[PDB]
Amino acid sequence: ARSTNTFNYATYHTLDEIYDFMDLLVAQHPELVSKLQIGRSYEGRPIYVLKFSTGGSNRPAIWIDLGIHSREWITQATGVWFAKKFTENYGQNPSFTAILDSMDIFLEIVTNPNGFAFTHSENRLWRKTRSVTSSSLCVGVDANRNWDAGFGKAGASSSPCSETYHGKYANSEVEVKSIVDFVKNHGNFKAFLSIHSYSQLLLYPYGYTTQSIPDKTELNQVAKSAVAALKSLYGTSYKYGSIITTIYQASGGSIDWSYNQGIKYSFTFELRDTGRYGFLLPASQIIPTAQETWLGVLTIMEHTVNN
């Protein structure tokens, strides 16, 4: 309510509640976290990113986004928990402290604010953005089919009414371009993590082509380690591998774009579960999901620091 220590992390929140949370966190830890507005949504809502930094100019950074697909509520809920955990473990956990003393972490909890608000007021299963385009009565674009990586190719739909519609052209969605511009301007990101649900998978590039990435051997081992770490908590089983070999051919995905930009440690997490609840995961699983996911994320971060 009026203190991140009183905030209920075991329940799902609205857009306003999450945004308020950000202000409270920043007010409580001014020396560690700051709120940056990287753009505005199609409908004009501000797009915020939380920057966790210990100092420095343009220290190598880790990017983490959640909620690019509005209906995957477990992701924004995990992002809120992550934000609080960062402030609790710095100075207490030797590994994480080491990470923050040398790198910055950028966390975008609500990557698709228009769609998120829509899931709360009209359609709980909305997945796309909220932009409208003349030649169609259908609304929205699949933000994770809109990136400049094999755009328009197999793995995305060309019909505006489709849940996987890629849009008119790469980066047409302001929600996507806002991230692209910020990452490009920064120029020093070392890791790029995009979180989704559901399926319990840890994926690496590529999704748009069957071509194997040059760093396949290293990324596969990093994923193997992260999955083992995540499983150690509650025994949750995750599969891992390239997007195209694990799920299916998908074009215009964020991770493929970031990897092609030279950001080697690009991974997408697909959280719980494997279909029993799907997108409607019970609130009682928020904390356990967040706790185990953190172990997998920390593993990737550790590798990035020492590499």
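So that there is no doubt, residue numbering starts at 1 and follows the sequence shown.
Higher mean CA temperature factor, per the PDB entry, when comparing 25 to 33 with 278 to 286: 25 to 33. Comparing 201 to 209 with 224 to 232, the higher mean C-alpha B-factor in the PDB entry belongs to 224 to 232. In this structure the maximum Cα B-factor among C161, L193, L219, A83 is found at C161. Note on the listed residues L107, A143, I179, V139: the highest Cα temperature factor in the record is that of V139. When the CA B factors of the chain's modelled residues are split into thirds, the value for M103 lands in the middle one. When the modelled residues of the chain are ordered by C-alpha B-factor, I243 sits in the lowest third. In the PDB entry, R124 places in the middle third of its chain by CA B-factor. When all modelled residues of the chain are sorted by CA temperature factor, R130 is found within the highest third. Among all modelled residues in its chain, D148 ranks in the middle third by Cα B-factor.
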